[PDB]
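Here is the structure we will look at.
Here the Cβ positions follow ideal geometry from the backbone for every residue, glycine too, while neighbour counts run over all protein chains shown. A short reminder: the numbers here are calculations on the coordinates, not readings from a lab.
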Amino acid sequence: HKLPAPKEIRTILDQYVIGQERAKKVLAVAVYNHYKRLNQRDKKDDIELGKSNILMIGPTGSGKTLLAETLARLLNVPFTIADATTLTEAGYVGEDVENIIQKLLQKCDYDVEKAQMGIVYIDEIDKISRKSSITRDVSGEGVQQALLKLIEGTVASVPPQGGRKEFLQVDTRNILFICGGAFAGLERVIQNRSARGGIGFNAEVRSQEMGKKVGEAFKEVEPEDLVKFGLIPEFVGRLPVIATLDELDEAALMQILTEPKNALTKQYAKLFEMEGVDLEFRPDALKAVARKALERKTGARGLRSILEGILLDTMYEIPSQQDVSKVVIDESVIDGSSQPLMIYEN
Amino acid sequence: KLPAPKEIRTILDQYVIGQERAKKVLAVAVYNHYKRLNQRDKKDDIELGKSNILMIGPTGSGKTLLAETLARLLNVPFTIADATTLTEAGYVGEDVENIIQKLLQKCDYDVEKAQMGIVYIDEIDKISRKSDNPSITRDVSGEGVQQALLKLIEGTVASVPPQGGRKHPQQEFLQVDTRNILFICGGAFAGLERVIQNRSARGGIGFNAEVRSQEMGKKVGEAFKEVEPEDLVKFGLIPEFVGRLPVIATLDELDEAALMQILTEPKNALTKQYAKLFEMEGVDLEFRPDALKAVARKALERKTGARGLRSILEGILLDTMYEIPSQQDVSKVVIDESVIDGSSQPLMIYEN
Ligand SMILES: Nc1ncnc2c1ncn2[C@@H]1O[C@H](COP(=O)(O)OP(=O)(O)OP(=O)(O)O)[C@@H](O)[C@H]1O
Ligand SMILES: Nc1ncnc2c1ncn2[C@@H]1O[C@H](COP(=O)(O)OP(=O)(O)OP(=O)(O)O)[C@@H](O)[C@H]1O
Ligand SMILES: [Mg+2]
Ligand SMILES: [Mg+2]
């Protein structure tokens, strides 16, 4: 009866994420239908409850990881965020792939029943992609094969709580898995298969760089692309659902500055406020900063860097000073033409 | 009492659509196994050595589907394990007799009943030696597993651990002979298709050659039907291990007519499961005849076996599944072939 409205979740996520549409929808739909699977898991001839593992392709600073924690805060079942580099197949020190389940168990108080009703977010999945075999890819291809069966759903003897200086079993049948990585190079892959011009008089000729497009190219991704990247065909299939995130936008960067609950601006304001200066900005000022981030091609992270440099001088002077009450920022300050202006009053 | 092969075959036909060859081989195996286990005493029979069968099918060919549905019909022990985690090279990790230990849980530590169990060690392509000639850093999850597993398939006593490992140093380790435990090893050999084609035509260069094309996906499911022991060794399987599995079954690829059936024919067919979920809130979900057929074409253009089917259905209804729950006053939502074409959107009746 819970039935948390798809929009409710989407809007809760909209409080922090500012711009993603496909991602918030797919997950919210997934979350909306995941409860139903467990809610109606009784024997009404609906017993297979086939799961569809989600994927999150896209570039950096797209909020791939931000969603998982915010999702965790509105999730009543167990949830954990896992890393891929740490995991390796057995026979190497690494980290055992099944260990990912143990992490979830701890958070749910080793409630096996509850544990089988949790979600996971395996970040940096693009890292384990294989090359193109000569030697065992303990961290790449190997990891995929080990995780392969887990995604489909098998039973394992997750370690039991207690150092112990009975190897309880746990089934993966109804444990949804979501893998989101910052795949680098996939844009080129899709561009090549779609159109790869070749020298010739009667052969189509196209530029190596396809209209200098990065965003919106992920929407054309297909299973073959992932296989070229290095993902094992079997693994590509294990995750039926695929999603994509645009790179960025000028409007989206101006909104992220203030709109999000825990925006970067608030942190600086809070800090400056405790220093005794009223941190302030301007509308055009905020827009100017966004332009800089787009040139850095670093994503949302870029924003932070720009702010610090402009405010480095002020963050070094203001503390010693005990007069300034308000510090405003103008487009001229972002441009650098002027120096950070202050109001020596109080 | 032993059910006739045909019976088992038809039971599994209810879910599997097109694995006639595989369904027949397994049927004989279960049928002859029961007989052996039911006539295992001293009546003109000395050892009646078990015949271990192998399975090789493309992705999403139902290899996994068969074993669970098979398990539900079996009256003897049955366990599903994986070779990927097993890394027996006498260095670290699980051992090979722990796979039968899972079987003992089904048997409740019944030593005799364990000898009547069945095995499903799949994913035998993950242990295939990279080159078959170890040169540096002797494999841990490769050659080792093959060598270690060799003994069990041939048969040998097994020191399976008991329920716990703290009461006593030994806790009366159960002793279960393996010779009488039929092994059914089914793995998806990704790459065998090219290996077999190397033996079909040894494409050289010249007028009098047998030059082969660089793609063989059209005949990927047919490649398995031409498999031979020599091809398995090239892929990296120890020749000894190949011999321990005399029979080599094969699974074919899929068809546009077999995908349409799987969409609705099975008990928990994808379409049924989609409608089932859609029906919990109370909105009826229906699809036209041509609507379902459209999904089959897309499935064959993804080379993602039956799994691709599910994926396609997700994309077809994403925006509506987001709206439908909150969008009350929707008697039913019919689907058409246009919806799969991408021209029209889900037909929302939006009426009492
Ligand atoms: N849509 C967005 N709205 C607001 N902030 C965002 C958005 N996308 C990213 N961010 C910011 O980016 C930071 C998190 O970056 P994130 O972890 O999503 O990168 P990533 O895509 O996971 O990179 P990688 O995949 O390499 O880890 C947060 O501080 C967050 O404020
Ligand atoms: N012949 C078939 N008939 C009906 N359903 C099928 C068939 N083949 C595959 N499926 C469906 O595909 C899903 C997953 O397929 P499955 O895991 O059996 O493929 P697989 O052979 O194990 O692939 P891999 O060996 O690479 O893991 C199952 O839930 C099943 O319903
Ligand atoms: Mg991240
Ligand atoms: Mg399989």
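With respect to the stated conditions, A:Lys213 fails to be part of a helix (DSSP H, G or I), under 27 Å from A:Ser129 (Cα atoms) and of a type outside the set (A, V, I, L, M). The set of residues in the stretch B:122-157 that are over 16 Å from B:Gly186 (Cβ atoms), surrounded by 16 or more Cβ atoms within 10 Å (Cβ to Cβ) and either within 16 Å of ligand 2 (Cβ to nearest atom) or over 25 Å from the mean Cα position of the chain (by Cα) (or both) contains only B:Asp139.
Criterion applied to B:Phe207, B:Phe224 was being away from every other protein chain (no Cβ under 14 Å), farther than 26 Å from B:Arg36 by Cβ, of a type in the set (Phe, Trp, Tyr) and under 22 Å from the mean Cα position of the chain (by Cα), and the one residue passing it is B:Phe224.
In the list B:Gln327, B:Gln261, which residue meets the criterion of being over 30 Å from B:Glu222 (Cα atoms) and either more than 11 Å from chain A (Cβ to nearest Cβ) or not in a helix (DSSP H, G or I) (or both)?
B:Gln327 is the lone residue from the list that is over 30 Å from B:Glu222 (Cα atoms) and either more than 11 Å from chain A (Cβ to nearest Cβ) or not in a helix (DSSP H, G or I) (or both).
Only one of the numbered conditions (1) surrounded by 17 or more Cβ atoms within 10 Å (Cβ to Cβ); (2) in contact with an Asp or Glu (Cβ under 6 Å, 6 or more places away or on another chain) is violated by A:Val214, and that is (1). Candidates A:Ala252, A:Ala269, A:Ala285, A:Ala293: the one that is touching an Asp or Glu at 6+ places or on another chain (Cβ under 6 Å) and outside any loop (DSSP other than H, G, I, E, B) is A:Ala285. The set of residues from the stretch A:126-167 being within 16 Å of ligand 3 (Cβ to nearest atom) and of a type in the set (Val, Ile, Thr) comprises just one member, A:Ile128. Screening B:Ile100 against (1) crowded, with 16+ Cβ neighbours inside 10 Å; (2) touching a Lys or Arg at 6+ places or on another chain (Cβ under 9 Å) leaves a single unmet condition, (2).
Would you mind stating whether A:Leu231 is within 14 Å of chain B (Cβ to nearest Cβ) and assigned to a loop (DSSP other than H, G, I, E, B)? Answer is yes for this residue.
When each of A:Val221, A:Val236 is tested for being within 16 Å of ligand 2 (Cβ to nearest atom) and in contact with a helix residue (DSSP H, G or I) (Cβ under 7 Å, 6 or more places away or on another chain), the lone residue that passes is A:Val236.
A Cβ distance below 8 Å, combined with a sequence gap of six or more or placement on separate chains, defines the contacts here; from the stretch B:113-130, residues that are within 12 Å of B:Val145 (Cβ to Cβ) reach residues that are charged (D, E, K, R) in the pairs B:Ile121/B:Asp82; B:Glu123/A:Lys149; B:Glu123/B:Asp82; B:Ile127/B:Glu143; B:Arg129/B:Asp139; B:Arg129/B:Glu143.
Against the list (1) under 29 Å from A:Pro59 (Cα atoms); (2) surrounded by fewer than 17 Cβ atoms within 10 Å (Cβ to Cβ), the condition A:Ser325 fails is (1). The residue that is surrounded by the fewest Cβ atoms within 10 Å (Cβ to Cβ), counting only those in the stretch B:74-97 that are away from ligand 2 (no atom under 16 Å from the Cβ) and of a type in the set (A, V, I, L, M), is B:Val92.
Going through the stretch B:72-122 one residue at a time, which ones are of a type in the set (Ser, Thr, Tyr) and at the interface with another protein chain (Cβ under 8 Å from one of its Cβ atoms)?
B:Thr84, B:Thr85, B:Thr87, B:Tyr91 - these are the residues of the stretch B:72-122 that are of a type in the set (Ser, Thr, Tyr) and at the interface with another protein chain (Cβ under 8 Å from one of its Cβ atoms).
Within the stretch B:1-46, can you find the residues that are closer than 21 Å to B:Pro77 by Cβ and not in a helix (DSSP H, G or I)?
Within the stretch B:1-46, B:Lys1, B:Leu2, B:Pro3, B:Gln39, B:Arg40, B:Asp41 qualify.
Listed by position, the helices (runs of 4 or more DSSP H) inside the stretch A:85-185 whose residues that are more than 23 Å from B:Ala83 (Cα to Cα) number at least 2 are A:99-107, A:112-115. Candidates are the residues of the stretch A:10-54 that are more than 10 Å from chain B (Cβ to nearest Cβ) and among the aliphatic types (A, V, I, L, M); the one that is nearest to A:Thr70 (Cα to Cα) is A:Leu13.
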